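Structure at a glance
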Amino acid sequence: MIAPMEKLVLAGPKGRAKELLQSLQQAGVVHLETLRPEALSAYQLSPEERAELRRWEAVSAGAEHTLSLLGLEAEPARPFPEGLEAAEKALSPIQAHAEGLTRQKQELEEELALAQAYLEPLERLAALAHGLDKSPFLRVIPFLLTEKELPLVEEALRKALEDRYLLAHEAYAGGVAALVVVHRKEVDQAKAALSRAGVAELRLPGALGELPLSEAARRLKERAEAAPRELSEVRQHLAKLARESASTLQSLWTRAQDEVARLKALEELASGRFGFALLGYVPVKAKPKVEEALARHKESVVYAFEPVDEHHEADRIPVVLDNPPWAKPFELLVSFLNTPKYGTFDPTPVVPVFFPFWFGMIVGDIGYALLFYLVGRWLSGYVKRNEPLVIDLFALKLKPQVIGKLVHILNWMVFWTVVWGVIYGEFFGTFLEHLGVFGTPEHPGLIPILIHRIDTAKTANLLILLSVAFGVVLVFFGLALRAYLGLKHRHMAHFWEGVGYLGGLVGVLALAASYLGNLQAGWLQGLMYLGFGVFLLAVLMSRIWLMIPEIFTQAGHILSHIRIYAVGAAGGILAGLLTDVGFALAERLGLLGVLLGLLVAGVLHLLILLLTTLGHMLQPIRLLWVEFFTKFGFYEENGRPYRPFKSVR
Amino acid sequence: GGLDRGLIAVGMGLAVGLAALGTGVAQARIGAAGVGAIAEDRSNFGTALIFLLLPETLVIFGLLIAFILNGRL
Amino acid sequence: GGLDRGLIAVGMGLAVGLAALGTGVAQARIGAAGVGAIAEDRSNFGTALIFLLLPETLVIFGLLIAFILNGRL
Amino acid sequence: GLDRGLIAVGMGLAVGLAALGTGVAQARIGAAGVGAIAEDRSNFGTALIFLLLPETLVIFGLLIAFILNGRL
Amino acid sequence: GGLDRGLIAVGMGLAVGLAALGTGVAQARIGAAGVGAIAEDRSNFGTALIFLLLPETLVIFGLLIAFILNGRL
Amino acid sequence: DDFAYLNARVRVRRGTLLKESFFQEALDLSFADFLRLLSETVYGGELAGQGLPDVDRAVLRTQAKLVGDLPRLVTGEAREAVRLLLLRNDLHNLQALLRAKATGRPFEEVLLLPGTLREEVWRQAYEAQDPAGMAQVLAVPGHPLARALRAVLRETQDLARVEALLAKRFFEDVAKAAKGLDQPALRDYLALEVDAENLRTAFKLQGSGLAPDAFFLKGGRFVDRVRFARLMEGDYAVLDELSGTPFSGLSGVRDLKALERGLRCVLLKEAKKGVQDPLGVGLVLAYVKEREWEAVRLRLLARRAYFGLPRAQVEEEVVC
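Each residue takes a number counted from 1 along its chain in the order the sequence is written, a numbering that need not match the entry; residues with no coordinates do not appear. Chain letters start at A and ligand numbers start at 1, both assigned in the order the entries are written. Part of a larger assembly is shown, with all reported values restricted to the visible chains. Heavy atoms throughout the structure, all of them, feed into the side-chain values; hydrogens and water do not. Residues with missing side-chain atoms are left out of burial classes, side-chain pairs and their counts.

The name given to chain B in the PDB entry is V-type ATP synthase, subunit K, with the source organism recorded as Thermus thermophilus. Looking at the header, the entry is titled "Thermus thermophilus V/A-type ATPase/synthase, rotational state 1". UniProt positions are given in the numbering used here, feature names are shortened, and annotations may be inferred rather than shown by experiment. Word for word, the UniProt comment on chain B under Subcellular location (unreviewed entry) is "Membrane".

By the naming in the PDB entry, chain A goes by V-type ATP synthase subunit I and is assigned to Thermus thermophilus. Word for word, the UniProt comment on chain A under Subcellular location (unreviewed entry) is "Membrane".

Encoded structure:
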């Protein structure tokens, strides 16, 4: 049941406006509203508060940027009431430290990466050119080149002085150090011809490709012998900066987010010169908290607890769910989709009354239930450890309250798969073979079975009729509920569409069961009379056309509930056949390679577990999502999501 | 049994498989455009699901003809 | 006279294979758009696995008709 | 002994045609996977899991083949 | 009795050929994207070969079914 | 190869663009609020400091990171159909390098904004004894310039008439390459674009009176030779004759500014139709041309915000 969501109107003076918006934002259970057009101004806030707002946003952005620079992630904490320039003196030195160190070490890694890849060719050409460092007669064209194609680049030197003009590659065969030395203009033109044959001079950034090679090689030796020490020390100092700055910086981040949220919501008011007024929405189970919070102020400044205006002109109303706590943890599973419109039916209790009971009819293996109970006790130990669940393969990081809801749905699901593993009679596929624990008359060993599910002459017609019968109950409940919601708002087309689909569907079902099912064509024909008469009456008193092609898809939606028995038989006899092959070919072939067949059947059984339990877990909830939720509407105008004053904490 | 029981079964199974091929051809392109419209923003979910699962009437019709042929023998 | 078991079995195999081709044709383009939404950002994970695992109804309907035929075989 | 071959051509038809179905699936899914890997190395596990997801087709085809083998 | 060896053989050949068609349709676009990735850079060679040689599972399963039928023969 | 794979990424990126209330509220501020409002969006990922070269470098770098990726990520028919959208940049860089080789000013002279080719090709493609060798090292296989520059290279080595016939050959070659494959939403778009191109060429060559049929091309459909000639000579009822065409409100327009405004509006209107095809090439077209409209409107609003121009000078330039 959606909460009735009353209206809250307040007024007063403006210093008290900021103070009561503080006291309303600390107890954050209220939604806001613009309230522009009548008798008040749009409330351009203040110039000095605008400067304070943009400075607070700069504080928040700088703190979060410092934190992401530090490498950790931004979680809230409890804030601290302290002065703004005190927050500046808290923010700026650690920001200066981390910013100077992330300049220093990142440019150090740049210089170290450009150094270590080119130490040895540079030192090699320095030992080769120790008779001419920067002598003013002949430039030294360096080219760290490929393998033994030295004549292809030395053809330019052959075009140059052949009995002179020393150009070769001595050693260091990772890259052949083709050095060329003749003159200034001779080496320039021969370097142009060698670049036409493919060549390039060592002109890099930093100090190597901007200075003479001897002293630059000495500087590269200096950086190679110095830089890992600074690597280790700057990692140590950033670790210390993390461990003794992250708490206070994310605390002031929480404070800054609170201040920015309050000031940006402060413009949602309406005032002139001797007072303001604002409007908001409060759910009805939040009235004593807001009442005692607003009892603090000046002369208990005047509240208007309006009962909200009704379903006409009601699209701007926020929506919540408010379900009893036995059905509570499916709110995320019903809120993957959109939200209702405050006057649409609360859809959430039917998924606890149906979905685990359908998943039991999907999965009828006691071994699957025991493995689910094992992962459930693991996952409840994980919420005992209070760790957020993280996996970077899926980039799935999520908080332990969702994980506790997952514990609840997993337990409330695994009970029904236990009881439908009992009734269907399958232990881990089929381990009734050795110990005949389940009683069929072909090998009666122990307690009987209710339905065998491996053969179809005994099972298929009964199970397929019950699988259609659940869809009959579901779809008739959905169409009756749409007729109810059309009866509520005094909107008549929804009522006619609901009663028309109901009459047409029961008429088609009666005609099917009569003229294609059994004998006794006498009693049901009056029901066919009634059903098609109601359908024609609806189309005549409706004029809401193109329902006539929908009734075929509507029978499709009442009939598409075969898939629960379909994947039930599929997964059931698949598991039974796998354990049958493994158990038989292990036991009756060898009698001591039985552990070989047992563990390979176990690992293939867990393989098909891991490879199709996602699919036949997804099937009942898509059955709900595309039959039942779309019968009674639920896909119109998206509602409006209730977000209160946060106070992020 | 004879040729009767054998040939009604392939008349069943051909109908099921070929109607399944039809709705696979439909849901391929409709699921492509649906995954697109969801990947823009998480707001078109209630319309992508109904436009995606409009073509399953074909395979329930295939199962209808199949169960008629199953009860026929 | 003996033309029963082989022909109901080839009806079984034809239904399974042809429905398999149907959901392969569906999951081809749906998984292509799914990976196209995944490899941009890893926030579309569950809302692409739902669309990939959605067309697995077709082979299990073919397997339904197959297991009914095996019950009559 | 006349229907002993036709169960086997049904077996082979199921195996080959389900192989065709998941080949059609793995075509586009593996093309998207190789595109994502050619973008970056960091999409390896998602490419492998989306590529190995449509093997349901052929393991169900082997299920039907081993049904028709266990009958014969 | 006759008319069994030929029919298990045409099942064998149809299985091998049609599974070969399946992995051919797969390796068409997979090897096309692989050659495009190789023409972009030589760094991603081994991952291109492993995505190209993943669908050999199809044809070793097809040859498995063929050799099961031939051992039955 | 696969259109749906690229289309998923393009629809994700189309999910993140700037709304109308952004510039409608950024129509009156003083450039610090501009830096403020661009600090949040996806263009702020590359914003280094503050000022006009910072904002321009940020817009160009984000457009190269967010638009210049989609010519990659596919292989074959999909890249052959998507590369013919963002290819004006390659023509601009190639004609800048052509005039730089024909001038003598150094190779480090131009700035060379990124198009579709890596810049090592540009660094290598200045030194060549034969300009056919420059077109050969420029040649990636199915490229329009790689088969257009060698097509109209068959007269001389390096002239300016070569550049004029290069521009004409480029337009007709892009139109023929649009006709040469099957995309039902891109052929009509490029025909309408090249019709817009030679129409505004005829408007910006009014009054001269030189031979128009050497400048008029083929590939458009709304105009022909006689309308081109009677539009180059001064009577504008022919520009009033174009009705039924998407040149709808564009009638009686004389000056270049209002003309080019109307042509840019009708190109963005007819190129926003590409959601008609949510599987083929229409959606990436409606992404890229909307992205360049948003980029140049962001640039013009930046100029107004910095220099304090009146909003009555800009109000006509956010009309579409």
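Here we look at the interface of chain B and chain C
Throughout, a residue-residue contact means that at least one pair of heavy atoms, one from each residue, lies within 4.5 Å. Taken together, the 38 residues of chain B in the interface contact 34 residues of chain C. When chain B packs against chain C, the two sides together hide about 3,000 Å² of surface, and 80% of this comes from carbon and sulfur. Contacts described as polar in this section are N or O atom pairs within 3.5 Å, which, within protein, must combine one atom able to donate a hydrogen with one able to accept it, while residues neighboring in sequence count only if both atoms come from side chains. If you look at where chain B meets chain C, you find one residue pair in polar contact. When residues of the side of chain B that touches chain C are traced back to their parent elements, those giving at least two are α1 (3–40), α2 (45–52) and α3 (57–72) of chain B. If you tally residues by element for the side of chain B that touches chain C, the top one is α1 of chain B, at 25 residues. Defined in terms of a 1.4 Å probe, buried area is the accessible area two parts forfeit on being brought together, summed over both. We count a stretch as a helix when DSSP gives it H or I for four or more residues in a row; a strand needs E for two or more, and each element gets its number in order from the N terminus.

Quick notes on the interface of chain A and chain C
Counting residues at the interface gives 19 residues for chain A and 15 residues for chain C. Carbon and sulfur atoms supply 78% of the area that chain A and chain C bury against each other, a total of about 1,500 Å² over both sides. The term salt bridge refers to a side-chain nitrogen of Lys or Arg lying within 4 Å of a carboxyl oxygen of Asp or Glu. At the junction of chain A and chain C, the tally comes to zero salt bridges. On the surface where chain A and chain C come into contact, there are one residue pair in polar contact. Put simply, the parts of the chain that give the side of chain A that touches chain C at least two residues each are α18 (563–587) and α20 (615–631) of chain A. Per element, the largest residue contribution to the side of chain A that touches chain C is seven residues, and it comes from α18 of chain A. The classification used treats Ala, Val, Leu, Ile, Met, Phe, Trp, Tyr, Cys and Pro as nonpolar, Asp, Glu, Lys and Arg as charged, and all other residues, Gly among them, as polar. Per-class residue counts for the side of chain A that touches chain C are 13 nonpolar, four polar and two charged.

Observations regarding the pattern of salt bridges
All names here are of chain A. In total, this model carries 44 salt bridges over all chains according to the counting rule given. In this structure, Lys-264 and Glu-57 form a salt bridge, with 3.9 Å as the shortest nitrogen-oxygen distance. Within this pair, whereas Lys-264 is found in helix α8 (residues 246–265), its partner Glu-57 is found in helix α2 (residues 47–70), the two being separated by 207 residues in sequence. A simple rule labels every residue: compare its accessible area, found with a 1.4 Å probe on the protein chains alone, to the largest value its type can have, and call it buried under 20%, exposed over 50%, or partly exposed in between. You can call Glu-57 buried: its relative accessible area is 17%. Its salt-bridge partner being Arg-262, residue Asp-258 comes within 3.6 Å of it at the nearest N-O pair.

Description of the UniProt feature "transmembrane region" (unreviewed entry) in chain B
When the UniProt feature table is mapped onto this chain, "transmembrane region" (unreviewed entry) is found at residues 9–28 and 49–69 of chain B. Within residues 9–28 of chain B, the helical portion is 100% and the strand portion 0%, while the C-alpha atoms at the span's ends are 28 Å from each other.

Remarks on the nonpolar core
Judged by nonpolar contacts, the single largest core of 135 residues is most densely connected at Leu-624 of chain A, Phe-51, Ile-60, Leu-63, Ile-65 and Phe-67 of chain C together with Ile-64 of chain D. Sequence-distant contacts of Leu-63 of chain C, defined by excluding residues within four places in its chain, comprise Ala-570 of chain A, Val-16 of chain C together with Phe-60 and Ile-64 of chain D. Put simply, buried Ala, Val, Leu, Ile, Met, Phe, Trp, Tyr and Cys residues joined by side-chain atoms within 4.5 Å make one nonpolar core. Among the nonpolar cores identified, the runner-up in size contains 69 residues, and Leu-84, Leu-190, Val-194 and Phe-228 of chain F belong to it.

Here's the deal with a nonpolar patch on the surface
Nonpolar side chains collect at one region of the surface, where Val-508, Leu-511, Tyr-515, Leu-516, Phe-532 and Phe-552 of chain A together with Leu-58, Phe-61, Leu-64, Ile-65 and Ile-68 of chain B lie side by side and expose about 990 Å² of accessible area between them. When contributions to the nonpolar patch are tallied by element, the ones reaching two or more residues are α15 (492–517) of chain A together with α3 of chain B. Here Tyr-515 of chain A is to be found in helix α15. On the basis of relative accessibility, which here comes to 55%, the residue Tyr-515 of chain A falls in the exposed class. What makes a patch is a set of residues exposed beyond 30% relative accessible area and free of salt bridges, joined within 9 Å when like-charged and within 5 Å when nonpolar (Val, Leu, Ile, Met, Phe, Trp, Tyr). Values of accessible area rely on a 1.4 Å probe in the Shrake-Rupley scheme; residue burial ignores everything except the protein chains shown.

Digging into helix α1 (residues 5–40) of chain E
Counted at 1.5 Å a residue, the expected span for α1 of chain E with its 36 residues is 52 Å, and the 51 Å between its end C-alpha atoms agrees. Remark: the principal bend of α1 of chain E, roughly 25 degrees, maps to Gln-27 of chain E. Between the first and last residue of a helix there are one fewer steps than residues, each counted as 1.5 Å, and that sum is the expected span. The seven residues ending at a residue and the seven starting there each receive a fitted axis; the angle between those axes is the bend at that residue.

Describing the packing of aromatic side chains
Residue and element names in this part refer to chain A. Note on aromatic pairs: the rings of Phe, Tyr and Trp (six-membered ring only in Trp) are paired at centre separations within 6.5 Å, and the planes decide the class, stacked below 30 degrees, edge-to-face beyond 60, tilted for the rest. Inspection of every chain in the model, using the stated rule, returns 32 aromatic pairs over all chains. By the ring-pair criterion, three or more aromatic residues cluster together here, those being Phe-357, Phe-415, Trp-416, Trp-420, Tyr-424 and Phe-470. The rule for a charge over a ring is simple: NZ of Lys or CZ of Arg within 6 Å of the ring centre, and within 35 degrees of the ring normal. It is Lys-287 that lies over the ring of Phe-305; its NZ or CZ is 3.5 Å from the centre.

Thoughts on the sheet that holds strand β4 (residues 167–168) of chain A
Backbone-to-backbone hydrogen bonds join strands into a sheet, with any given pair of strands oriented parallel or antiparallel. Residue and element names in this part refer to chain A. Paired strands are those between which DSSP finds at least two bridges. In spatial order, the strands read β3-β5-β4; together these three strands make up an open sheet with antiparallel pairing. Both edges of this open sheet fall to β3 (140–145) and β4, since each of them pairs with a single strand only. Examined bridge by bridge, β4 and strand β5 (residues 176–181) share two bridges and lie antiparallel to one another. In the sheet register, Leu-167 faces β5, and the bridge partner there is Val-180.

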